Amino acid sequence: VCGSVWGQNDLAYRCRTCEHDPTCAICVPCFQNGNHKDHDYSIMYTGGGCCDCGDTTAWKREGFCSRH
Ligand SMILES: [Zn+2]
Ligand SMILES: [Zn+2]
Ligand SMILES: [Zn+2]
Numbered sequence: 121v122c123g124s125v126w127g128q129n130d131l132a133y134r135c136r137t138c139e140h141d142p143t144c145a146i147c148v149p150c151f152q153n154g155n156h157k158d159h160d161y162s163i164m165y166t167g168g169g170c171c172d173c174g175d176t177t178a179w180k181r182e183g184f185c186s187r188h
């Protein structure tokens, strides 16, 4: 599971296609290294947080990056 943490003024990605709930998010590198073509994604601020990439409780497996 990605160990990335970020702060309130750090960009991250939401992906409505991949998420298990509206609060889920993944770090920019995990987004870049995954497959979200034609997904409903948004680069945005998230109030900071921890990456959900690799976490099957938070994020769909098809939305995991190459590295997790
Ligand atoms: Zn996605
Ligand atoms: Zn990540
Ligand atoms: Zn990842």
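The opening position of the sequence shown corresponds to residue 121 in the entry's author numbering, with each subsequent residue numbered one higher.
The beta-carbon is built from N, C-alpha and C at its ideal position, and this holds for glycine as well.
Contact set for residue i: own chain, Cβ-Cβ below 6 Å, skip 5 residues either direction
i: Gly174; result: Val121, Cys122, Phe184 and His188
Exposed unless 16 or more other CB atoms sit within 10 angstroms - verdict on residue i
i: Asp172; result: buried
i: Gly167; result: exposed
i: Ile146; result: buried
i: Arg134; result: buried
i: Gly154; result: buried
Reference residue i, options the options, closest by Cα
i: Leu131; options: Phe151, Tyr165 and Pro149; result: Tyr165
Residue i beta carbon near ligand 2 (any heavy atom closer than 6 Å)
i: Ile146; result: yes
Residue i beta carbon near ligand 3 (any heavy atom closer than 6 Å)
i: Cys173; result: yes
i: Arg187; result: yes
Cα-Cα separation, residue i to residue j
i: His159; j: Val125; result: 23 Å
i: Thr143; j: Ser186; result: 23 Å
i: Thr177; j: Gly127; result: 22 Å
Residue i CB to nearest heavy atom of ligand 1 below 6 Å
i: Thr176; result: no
Residues of its chain near residue i, where Cβ-Cβ distance is below 8 Å and the 5 sequence neighbours each way are ignored
i: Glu182; result: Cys138 and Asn155
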